[PDB]
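In the block that follows, a single chain appears as structure tokens, in the form deposited in one PDB entry.
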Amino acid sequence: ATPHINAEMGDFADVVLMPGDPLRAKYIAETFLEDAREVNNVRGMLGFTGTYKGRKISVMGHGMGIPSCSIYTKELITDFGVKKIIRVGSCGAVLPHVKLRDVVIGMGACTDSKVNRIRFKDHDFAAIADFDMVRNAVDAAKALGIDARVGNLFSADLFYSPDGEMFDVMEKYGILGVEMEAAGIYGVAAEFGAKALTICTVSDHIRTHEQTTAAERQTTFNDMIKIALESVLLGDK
């Protein structure tokens, strides 16, 4: 029971999948988990706990932005005993060879936010994911015939950047996807001694075309979730 979560120790699994959209968490709960129960509803950030193939799993939205997800992941780790957090969201692409519906795994996350500099005496803290979590995800994807890209994500503070001059830079230094919280989650995981990983599905790209079908799009998003769910089972072993 924290100011942002009305639950108690035991209410969450030691592993939590986190989409940015609270309505997405209910979607995941109802689609992949059995015997799911809502364990939080404060300010509409729905959280759920259930089981995936006999394994206890939790799913809860983290909202948009590093400041938002930082609050939730921190409380989950320090107040609910959560050991692993897997963010499952969307991202925009800047690289020409990265196409719509590609599954991206952020082994690292670049950012224009100042949270990690505030943490790291103003120096460069490399916000990285937990290695084992990354390989578990890579292997799970492989078992599903889904080949994922592993690299750098860029966590933006401004979805509407005042000057898109930064997109050429991201492209130049090869970041795979553009989103808004990976660098924040990794900073939190490092600060409170937990493990985190964010997986994204490319929903848009700079230099668009047509629009792609929702069915195929929704299919890839489900694969991403399965990869996430299945990767934790591999970790349990």
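One-based numbering along the sequence shown. Only residues modelled in both forms are compared. The term rigid core refers to the maximal set of C-alpha atoms that superpose within 1.5 Å between the two forms.
### Query
Comparing 143-151 with 101-109, which has the greater mean CA B-factor as deposited?
Of 101-109 and 143-151, the stretch with the higher C-alpha B-factor average is 143-151.
#### Entry: Between 179-187 and 51-59 (mean CA B-factor, as deposited), the higher
Per the PDB record, 51-59.
### Task
Have a look at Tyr72, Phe120, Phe167, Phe131 and flag the one whose Cα has the highest B-factor in the entry.
Answer, based on the entry's C-alpha B-factors: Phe167.
### Task
Just grab whichever of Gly89, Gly92, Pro162, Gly81 has the top CA B-factor as deposited.
Highest CA B-factor of the listed options: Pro162.
### Query
Looking at the C-alpha B-factor of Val39, is it in the lowest, middle or highest third of its chain?
According to the entry, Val39 has a C-alpha B-factor in the chain's highest third.
### Message
Test of reading the entry: by CA B factor among the chain's modelled residues, which third contains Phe32?
### Response
CA B-factor rank for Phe32: highest third.
### Within-chain third of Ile206 by Cα B-factor, per the entry
Top third by C-alpha B-factor.
### Task
Select lowest, middle or highest to describe the third in which the CA B-factor of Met45 falls within its chain in this entry.
Highest third, going by the recorded CA B-factors of the chain.
### Query
Of the three thirds of its chain by CA temperature factor, lowest, middle or highest, which one includes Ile225?
CA B-factor rank for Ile225: middle third.
Beyond the structure shown, there is the form deposited in another entry, which is absent from this document and is the topic of what follows.
### Task
Using a core superposition, identify the member of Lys53, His209, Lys172, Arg43 whose Cα displacement between this form and the one not shown reaches 2 Å or more.
The listed residue whose C-alpha shifts by at least 2 Å is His209.
### Task
After the core superposition, state the residue ranges of at least 3 consecutive residues in which each CA shifts by 2 Å or more between this form and the one not shown.
Residues 207-218 form the single run that moves by 2 Å or more between this form and the one not shown.
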